[PDB]
Every structure is written in C-alpha cells, then in structure tokens.
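Following: one structure in structure tokens, then a few remarks.
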Amino acid sequence: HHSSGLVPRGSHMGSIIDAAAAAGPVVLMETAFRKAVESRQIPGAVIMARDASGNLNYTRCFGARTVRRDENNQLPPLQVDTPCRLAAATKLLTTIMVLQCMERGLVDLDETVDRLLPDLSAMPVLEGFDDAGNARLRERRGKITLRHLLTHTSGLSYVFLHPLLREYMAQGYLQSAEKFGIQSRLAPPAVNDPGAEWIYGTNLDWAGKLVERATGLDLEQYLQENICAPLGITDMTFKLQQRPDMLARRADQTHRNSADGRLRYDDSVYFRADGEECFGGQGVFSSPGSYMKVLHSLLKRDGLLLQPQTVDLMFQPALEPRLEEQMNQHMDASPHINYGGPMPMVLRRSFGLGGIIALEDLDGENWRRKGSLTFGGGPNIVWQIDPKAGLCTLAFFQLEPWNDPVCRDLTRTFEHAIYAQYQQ
Ligand SMILES: C[C@H]1C=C2C=C[C@H](C)[C@H](CC[C@@H](O)C[C@@H](O)CC(=O)O)[C@H]2[C@@H](O)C1
C-alpha cells in the first residue's frame, strides 16, 4: 500500500503511464511549434487565443525574435511584448480609426472623398498602354467614397501586384516619389473605377490621410489617444525610431531563401527609417500582446474602441453580388497570393470593413464559423475574430515571404487545436 506521510503517486511503470491522461490537441500542437524551432524551420512564433468570458486566455511564445546572435552569443526570445512589424495587420487599426471618425460625425461612409482627399479625387485611371508604348490615362467614372476605401473597391491597387502598374514603374513614371527606400504609396494612378472590382490596394494609406485631415491630428497622435490609451497599450506606434526602449527590444525580420529554404537576416528599410509620414496601410509596430487587446475588445463588444453596433457593421458582407462573385473568383484562382492565409483555398467569402468574411463554415463545427472576420500582415501574421464561435486568435511570425507553407501549416494546427479543445 502507500508510503506513510507521502502522496500516493505511481510506484511502477504501468501505473505512472495511467496517472496522467493522454496528450490533447493543444499539447500536441505546441510540440509541433517546438520542433519547428528546434529543426530551424522557423525563427519563432507567438500564438494567442481569447474568448469573451476570460476562461480562455492562451498565449505561447516559441523561439527567437531574430536569426542574429546577440552580445552574449545567444538568440534572444520572441516574447508576447516584443515589438514586431505589423505590415498589413495595420489595416484593421486604420479601419477602426476611420469608423471612430464616422461615430463622432466627422465623416459619412457613403460620402465622396473629394472634400478631404481632393488629391486622390484628381488622380486618373491607368487604362493601359497603346502600341506606341505610352501610358493611356483617363478620367475616373463615378466617385470614390470612404466605403470604397474600406472595402478595397476604389480602383486602387499596389504597384508590386498589378501588371499595368509594374509597367508604369518600368517606363519610369514613379522614381521621384520615394524617400529613404520606402515607396511613395500615394503617387500611382488607379487601375479601375470605384465599384468595378475588389482589388487589394493602398486604400488604407488614403483612409489614414482622411483621418488626419478630418481630425487635425497626425495618425500617430490619433492612434495613441484613441486606440492605445483606452486599452492601456504603451507598445504600439508608427514612430519606432522615436521609441529607444522598443527599438532595443524589437524583432528582426527574417527571410526564407527561395533556393535552399534557409532562414536569413532581412535588412529591410522599415526597421532603420520611419520616414516622415504615417502610412495607415502598413506602418504600425506593435507587440502581439497589444494587438490581441484590440481583437479581444472587438470580440467583447466592450465599447472601448467602437460602439457594439459599429463593430457589428465590420462583420457584415459589404459587397453586392457581382463584386462578391468577382472577389471569390479572383481569390480561388490566386493561391500564389492567398489573401486568406490558413483558410481553405476555395471558400465562399465576402469583404466587410477591416477584413475578409467567411460566408460559410470552414469545416462544419470543427473550426472557424460563418461570419468570422480575418486578415493578415506580410511576415506571416494572421488574425481572426469569430463572433459565432466566441473566439479570437492571432498567429504572429516575423518571417517573409507571406504564405510560407511551414507557417501556414503551423497556424492551421494552432487554430484547429484551440477550436477542438476550447470552442464553445
Ligand atoms: C492580407 C494578406 C494579403 C497580401 C496580398 C498580397 C501580398 C502577397 C501581401 C504580402 C506582401 C509582402 O510580403 C511583400 C511586399 O510588402 C513587398 C513590397 O511591398 O515591396 C499579403 C499580405 O499583406 C497579407
């Protein structure tokens, strides 16, 4: 029988295997993250999941915030409070700032942009190039509204994505615009008329300008007063170079080389120069912890950033049938871009305000539900908010390029496990 004064534990091999039950989905998933760091497939990752009740408050950090060894020859850890490059995960923040302007009566979503953005309204549409080889520009048909900007239906694209714009740069129309190695996000012409199609573009850079002009504040100040302050965030900024405490702790960017699949240090412009102006499309540096505070507040509908009914607006399908059909066609045919990250390659989607909306359950009752909102950022950052499931999640890496198979697979494994164990 048992030893006097001591707790009755397992006393031989058979009864020690029994005393602890088998490994659940979350434990197994954590092992997969640890192995991916151990085998040098990723530098590191932070994964986080929350529900509204507080019963789910899960944060795990794996690996390093860089591939460069520090002053003690160690690889410093990626932490929940490590300042990271958000890239397009900034777009959700800028969307929130716009909606706050709407709430305070500074703007109307269906108002034309001409009043606050006459510089955008004046820009032509690039229709193509004649056989002579010169640019064929024309006047826009219809007006861009704020809701066009928030839903990426304005006609704006990104130079690095659209062939017409790539040829536009090639012909030498966009050389004088850039500063400190970062491209002038505002110079290129539009490639369609507003309302014509869903096109991923510089819409939130323009929406950020609109906020600055409507409020009389620069985006950094507006961010601090209206997103950071009410959530107690002190770690979220457009102006990393002016925050020496964040600078000393920041993640380095890592890039996976096409050839040998090896990880290398990525010495890119965004970490050694702020520029002068805040870009609402891609400019924010923040910790995963601070970002989760935003997601969680939206999930809770706690009124700290926006009124519950304004938040509900973000999750409503914004596109009419023709646009919804065209967006789905484009996304299904573009797995090389993969806007939806871990989501199935073929899925019925729409766009809300702030991200892609799933119009059907991803896998019945096993994973994300209809009505869930999602987007991401370049360095394999993925966020989602799932009101019907009562969960929000984020997977933060600092690894380019976007849509890295190892990161996507780990992200899927993380979400699947959390849903399997904790979705209510
Ligand atoms: C929401 C997702 C949509 C995207 C659409 C097209 C691209 C692949 C995005 C990532 C581009 C990024 O990894 C590289 C670019 O920033 C390079 C450049 O701007 O010169 C991606 C990310 O923004 C995340």
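The chains in the structure tokens are called A, B, ... from first to last as shown; in each chain the residues are counted from 1, and the ligands are counted from 1 in the order shown.
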| query | How would you write, as a VMD selection string, the set of residues in stretch 63-208 of chain A that DSSP gives as alpha helix (DSSP H)? | reply | chain A and resid 90 to 103 118 to 121 146 to 150 163 to 170 203 to 208
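Considering only stretch 87-321 of chain A, backbone DSSP assigns strand (DSSP E) to residues 125, 126, 127, 128, 129, 135, 136, 137, 138, 236, 237, 253, 254, 255, 256, 263, 264, 265, 266, 285 and 286 of chain A.
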| message | I want to know what sits within 6 Å of residue A:392, based on only C-alpha atoms, with residues of the same chain fewer than 3 positions away left out; could you give that as JSON, numbers by chain? | response | {"A": [49, 50, 384, 385, 386]}
| Leaving out residue A:274 and any residue of its chain fewer than 2 positions from it, which residues lie within 12 Å of it when counting only C-alpha atoms, given as a ChimeraX atom specification? | /A:85,179-182,220,237-243,247,268-272,276-279,282-285
Limited to N, CA, C and O atoms, could you put the picked residues into a file as an mmCIF file, in the first residue's frame?
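Below is the file selection-v2.cif, written as the result:
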```
data_model
loop_
_atom_site.group_PDB
_atom_site.id
_atom_site.type_symbol
_atom_site.label_atom_id
_atom_site.label_comp_id
_atom_site.auth_asym_id
_atom_site.auth_seq_id
_atom_site.Cartn_x
_atom_site.Cartn_y
_atom_site.Cartn_z
ATOM 1 N N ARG A 85 6.939 44.160 -36.549
ATOM 2 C CA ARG A 85 6.414 44.801 -37.744
ATOM 3 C C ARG A 85 5.050 44.203 -38.111
ATOM 4 O O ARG A 85 4.956 43.006 -38.404
ATOM 5 N N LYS A 179 11.203 57.934 -50.703
ATOM 6 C CA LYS A 179 12.064 58.593 -49.713
ATOM 7 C C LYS A 179 12.602 57.592 -48.681
ATOM 8 O O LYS A 179 11.827 56.878 -48.042
ATOM 9 N N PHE A 180 13.927 57.556 -48.530
ATOM 10 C CA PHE A 180 14.631 56.633 -47.617
ATOM 11 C C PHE A 180 14.429 55.141 -47.932
ATOM 12 O O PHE A 180 14.517 54.300 -47.034
ATOM 13 N N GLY A 181 14.165 54.811 -49.196
ATOM 14 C CA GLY A 181 13.997 53.415 -49.614
ATOM 15 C C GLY A 181 12.582 52.862 -49.520
ATOM 16 O O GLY A 181 12.336 51.723 -49.928
ATOM 17 N N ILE A 182 11.656 53.651 -48.975
ATOM 18 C CA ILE A 182 10.236 53.290 -48.920
ATOM 19 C C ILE A 182 9.509 54.002 -50.061
ATOM 20 O O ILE A 182 9.685 55.208 -50.254
ATOM 21 N N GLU A 220 -0.157 59.136 -35.744
ATOM 22 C CA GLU A 220 0.476 58.676 -34.513
ATOM 23 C C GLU A 220 -0.262 59.190 -33.271
ATOM 24 O O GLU A 220 -0.583 58.413 -32.368
ATOM 25 N N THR A 237 2.998 51.820 -32.158
ATOM 26 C CA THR A 237 3.454 53.090 -32.729
ATOM 27 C C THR A 237 3.750 53.026 -34.225
ATOM 28 O O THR A 237 4.115 51.969 -34.749
ATOM 29 N N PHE A 238 3.562 54.164 -34.899
ATOM 30 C CA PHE A 238 4.084 54.389 -36.255
ATOM 31 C C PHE A 238 5.540 54.848 -36.222
ATOM 32 O O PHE A 238 6.211 54.820 -37.252
ATOM 33 N N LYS A 239 6.017 55.287 -35.056
ATOM 34 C CA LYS A 239 7.289 56.014 -34.945
ATOM 35 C C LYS A 239 8.299 55.254 -34.083
ATOM 36 O O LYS A 239 8.735 55.729 -33.024
ATOM 37 N N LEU A 240 8.671 54.071 -34.554
ATOM 38 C CA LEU A 240 9.553 53.185 -33.809
ATOM 39 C C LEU A 240 10.888 53.847 -33.475
ATOM 40 O O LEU A 240 11.403 53.674 -32.371
ATOM 41 N N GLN A 241 11.436 54.610 -34.420
ATOM 42 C CA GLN A 241 12.737 55.269 -34.226
ATOM 43 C C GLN A 241 12.732 56.296 -33.094
ATOM 44 O O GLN A 241 13.787 56.632 -32.565
ATOM 45 N N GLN A 242 11.555 56.786 -32.716
ATOM 46 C CA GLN A 242 11.436 57.716 -31.594
ATOM 47 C C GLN A 242 11.157 57.012 -30.269
ATOM 48 O O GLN A 242 10.919 57.676 -29.259
ATOM 49 N N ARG A 243 11.206 55.678 -30.264
ATOM 50 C CA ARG A 243 10.989 54.890 -29.053
ATOM 51 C C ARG A 243 12.183 53.963 -28.787
ATOM 52 O O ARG A 243 12.129 52.776 -29.123
ATOM 53 N N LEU A 247 12.921 50.029 -29.691
ATOM 54 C CA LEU A 247 13.989 49.733 -30.648
ATOM 55 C C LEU A 247 14.946 48.681 -30.128
ATOM 56 O O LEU A 247 15.325 47.768 -30.857
ATOM 57 N N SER A 268 15.790 45.024 -44.083
ATOM 58 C CA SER A 268 14.894 45.850 -44.895
ATOM 59 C C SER A 268 14.575 47.201 -44.259
ATOM 60 O O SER A 268 14.657 47.385 -43.035
ATOM 61 N N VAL A 269 14.209 48.125 -45.148
ATOM 62 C CA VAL A 269 14.074 49.558 -44.872
ATOM 63 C C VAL A 269 13.234 49.922 -43.651
ATOM 64 O O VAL A 269 13.531 50.897 -42.954
ATOM 65 N N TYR A 270 12.191 49.138 -43.396
ATOM 66 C CA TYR A 270 11.174 49.517 -42.419
ATOM 67 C C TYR A 270 11.678 49.608 -40.976
ATOM 68 O O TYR A 270 11.108 50.358 -40.182
ATOM 69 N N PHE A 271 12.759 48.899 -40.650
ATOM 70 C CA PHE A 271 13.323 48.943 -39.291
ATOM 71 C C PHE A 271 14.408 50.001 -39.043
ATOM 72 O O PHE A 271 14.704 50.306 -37.883
ATOM 73 N N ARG A 272 14.998 50.559 -40.101
ATOM 74 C CA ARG A 272 16.029 51.599 -39.936
ATOM 75 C C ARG A 272 15.617 53.008 -40.411
ATOM 76 O O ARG A 272 16.461 53.900 -40.506
ATOM 77 N N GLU A 276 8.830 60.367 -42.701
ATOM 78 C CA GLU A 276 8.179 61.480 -42.001
ATOM 79 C C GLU A 276 6.699 61.176 -41.730
ATOM 80 O O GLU A 276 6.191 61.461 -40.642
ATOM 81 N N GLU A 277 6.015 60.586 -42.710
ATOM 82 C CA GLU A 277 4.566 60.406 -42.623
ATOM 83 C C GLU A 277 4.137 58.980 -42.261
ATOM 84 O O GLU A 277 4.750 57.993 -42.678
ATOM 85 N N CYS A 278 3.067 58.904 -41.476
ATOM 86 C CA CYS A 278 2.486 57.644 -41.042
ATOM 87 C C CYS A 278 1.665 57.041 -42.173
ATOM 88 O O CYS A 278 0.779 57.704 -42.712
ATOM 89 N N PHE A 279 1.959 55.796 -42.536
ATOM 90 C CA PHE A 279 1.194 55.107 -43.578
ATOM 91 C C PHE A 279 0.202 54.150 -42.942
ATOM 92 O O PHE A 279 0.585 53.127 -42.359
ATOM 93 N N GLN A 282 0.306 50.047 -43.661
ATOM 94 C CA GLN A 282 1.342 49.081 -43.292
ATOM 95 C C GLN A 282 2.336 49.546 -42.227
ATOM 96 O O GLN A 282 3.285 48.830 -41.918
ATOM 97 N N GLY A 283 2.102 50.709 -41.622
ATOM 98 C CA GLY A 283 3.155 51.373 -40.842
ATOM 99 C C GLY A 283 3.316 51.123 -39.347
ATOM 100 O O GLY A 283 4.226 51.681 -38.747
ATOM 101 N N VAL A 284 2.457 50.320 -38.731
ATOM 102 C CA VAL A 284 2.480 50.197 -37.275
ATOM 103 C C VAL A 284 3.422 49.101 -36.779
ATOM 104 O O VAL A 284 3.490 48.007 -37.363
ATOM 105 N N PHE A 285 4.180 49.433 -35.735
ATOM 106 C CA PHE A 285 4.924 48.440 -34.949
ATOM 107 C C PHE A 285 4.218 48.184 -33.634
ATOM 108 O O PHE A 285 3.859 49.115 -32.923
#
```
Show me, as an mmCIF file with N, CA, C and O atoms, in the first residue's frame, the residues that have an atom within 7 Å of stretch 310-326 of chain A when counting only C-alpha atoms, minus same-chain residues fewer than 5 positions from it.
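This is the output file selection.cif:
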```
data_model
loop_
_atom_site.group_PDB
_atom_site.id
_atom_site.type_symbol
_atom_site.label_atom_id
_atom_site.label_comp_id
_atom_site.auth_asym_id
_atom_site.auth_seq_id
_atom_site.Cartn_x
_atom_site.Cartn_y
_atom_site.Cartn_z
ATOM 1 N N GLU A 197 -14.453 46.553 -59.232
ATOM 2 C CA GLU A 197 -13.945 45.282 -58.718
ATOM 3 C C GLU A 197 -13.234 45.411 -57.362
ATOM 4 O O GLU A 197 -12.806 46.497 -56.957
ATOM 5 N N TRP A 198 -13.168 44.290 -56.654
ATOM 6 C CA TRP A 198 -12.349 44.181 -55.458
ATOM 7 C C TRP A 198 -10.897 44.074 -55.915
ATOM 8 O O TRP A 198 -10.552 43.210 -56.730
ATOM 9 N N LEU A 298 -12.811 44.052 -29.569
ATOM 10 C CA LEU A 298 -13.797 43.904 -30.638
ATOM 11 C C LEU A 298 -14.678 42.674 -30.398
ATOM 12 O O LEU A 298 -15.893 42.731 -30.598
ATOM 13 N N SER A 350 -16.777 37.008 -48.463
ATOM 14 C CA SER A 350 -17.035 38.391 -48.832
ATOM 15 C C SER A 350 -15.989 39.262 -48.157
ATOM 16 O O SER A 350 -15.021 38.751 -47.565
ATOM 17 N N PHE A 351 -16.163 40.574 -48.272
ATOM 18 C CA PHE A 351 -15.317 41.519 -47.558
ATOM 19 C C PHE A 351 -16.215 42.424 -46.707
ATOM 20 O O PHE A 351 -17.271 42.857 -47.157
ATOM 21 N N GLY A 352 -15.819 42.649 -45.460
ATOM 22 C CA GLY A 352 -16.541 43.530 -44.550
ATOM 23 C C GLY A 352 -15.827 44.861 -44.482
ATOM 24 O O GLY A 352 -15.354 45.350 -45.500
ATOM 25 N N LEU A 353 -15.753 45.449 -43.291
ATOM 26 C CA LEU A 353 -14.891 46.610 -43.048
ATOM 27 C C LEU A 353 -13.782 46.140 -42.111
ATOM 28 O O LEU A 353 -14.018 45.886 -40.932
ATOM 29 N N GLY A 354 -12.584 45.976 -42.652
ATOM 30 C CA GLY A 354 -11.445 45.523 -41.868
ATOM 31 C C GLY A 354 -10.902 44.154 -42.247
ATOM 32 O O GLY A 354 -9.827 43.777 -41.773
ATOM 33 N N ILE A 357 -14.599 38.156 -44.819
ATOM 34 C CA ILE A 357 -15.628 37.455 -44.052
ATOM 35 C C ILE A 357 -15.879 36.093 -44.681
ATOM 36 O O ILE A 357 -15.997 35.982 -45.905
ATOM 37 N N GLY A 371 -19.351 34.054 -40.768
ATOM 38 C CA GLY A 371 -19.393 35.353 -40.112
ATOM 39 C C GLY A 371 -18.073 35.764 -39.473
ATOM 40 O O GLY A 371 -17.977 36.848 -38.900
ATOM 41 N N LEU A 373 -14.220 37.087 -39.262
ATOM 42 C CA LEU A 373 -13.503 38.148 -39.971
ATOM 43 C C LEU A 373 -12.025 37.894 -39.819
ATOM 44 O O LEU A 373 -11.568 37.526 -38.730
#
```
| message | Residues near residue A:411, anyone? I mean within 7 Å using only C-alpha atoms, not counting same-chain ones fewer than 4 positions away, as a ChimeraX atom specification. | response | /A:342,395,407,415
Those same residues - C-alpha atoms - I'd like them written as a CSV table (one decimal), in the first residue's frame.
```
chain,number,residue,atom,x,y,z
A,342,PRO,CA,-4.6,29.3,-43.4
A,395,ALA,CA,-0.5,33.9,-35.0
A,407,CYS,CA,4.0,29.0,-41.1
A,415,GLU,CA,-6.3,27.2,-34.7
```
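We find atom CA of residue A:119 and atom CA of residue A:136 to be spaced 19.8 Å apart.
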| query | If you count only C-alpha atoms, which residues fall within 8 Å of residue A:109, apart from same-chain ones fewer than 5 positions away, as a ChimeraX atom specification? | reply | /A:102,145-147
Go through stretch 189-254 of chain A and flag each residue having an atom no more than 9 Å from stretch 159-178 of chain A; for those, report the closest pair of atoms plus their distance in Å to one decimal, using only C-alpha atoms, ordered by chain and rising number, as JSON lines.
```
{"residue": "A:189", "atom": "CA", "partner": "A:165", "partner_atom": "CA", "distance": 8.0}
{"residue": "A:190", "atom": "CA", "partner": "A:165", "partner_atom": "CA", "distance": 8.8}
{"residue": "A:191", "atom": "CA", "partner": "A:164", "partner_atom": "CA", "distance": 7.6}
{"residue": "A:200", "atom": "CA", "partner": "A:161", "partner_atom": "CA", "distance": 8.5}
{"residue": "A:201", "atom": "CA", "partner": "A:159", "partner_atom": "CA", "distance": 8.7}
```
How would the residues just picked look written out with N, CA and C atoms as a compact mmCIF listing (two decimals), in the first residue's frame?
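Below is the file that was written, result-v3.txt:
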```
# COMPACT_ATOMS: atom_id res chain seq x y z
N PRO A 189 -1.37 55.85 -60.31
CA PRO A 189 -2.78 56.00 -60.68
C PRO A 189 -3.61 54.78 -60.29
N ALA A 190 -4.94 54.94 -60.31
CA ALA A 190 -5.85 53.81 -60.11
C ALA A 190 -5.89 52.96 -61.39
N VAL A 191 -6.33 51.70 -61.27
CA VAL A 191 -6.40 50.78 -62.41
C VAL A 191 -7.84 50.39 -62.77
N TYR A 200 -6.97 44.54 -54.05
CA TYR A 200 -6.14 44.82 -52.90
C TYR A 200 -5.24 46.01 -53.21
N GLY A 201 -5.37 47.08 -52.44
CA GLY A 201 -4.60 48.29 -52.74
C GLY A 201 -4.28 49.19 -51.57
```
| note | Using only C-alpha atoms, the best pick from A:193, A:71, A:245, A:110 as closest to residue A:142 would be A:193
| task | Enumerate residues in contact with ligand 1: an atom-to-atom distance of at most 9 Å, counting only C-alpha atoms and all ligand atoms. Format the result as a ChimeraX atom specification. | result | /A:87-89,158-161,182-183,200-201,282,336-341,355-356,374-382,399-403
Per residue of stretch 264-328 of chain A within 10 Å of stretch 32-48 of chain A, note the shortest atom pair and the distance in Å to one decimal, counting only C-alpha atoms, and order the rows by chain and increasing residue number, as JSON lines.
```
{"residue": "A:264", "atom": "CA", "partner": "A:43", "partner_atom": "CA", "distance": 9.6}
{"residue": "A:287", "atom": "CA", "partner": "A:46", "partner_atom": "CA", "distance": 9.8}
{"residue": "A:288", "atom": "CA", "partner": "A:46", "partner_atom": "CA", "distance": 7.1}
{"residue": "A:289", "atom": "CA", "partner": "A:48", "partner_atom": "CA", "distance": 8.3}
{"residue": "A:292", "atom": "CA", "partner": "A:48", "partner_atom": "CA", "distance": 7.4}
```
| query | Which one is closest to residue A:261: A:404, A:100, A:366, A:123? Count only C-alpha atoms. | reply | A:404
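If only C-alpha atoms are the atoms counted, then among A:12, A:65, A:1, A:370 the closest residue to residue A:252 is A:65.
The space between atom CA of residue A:148 and atom CA of residue A:203 spans 8.2 Å.
The coordinates place atom CA of residue A:99 at 15.3 Å from atom CA of residue A:295.
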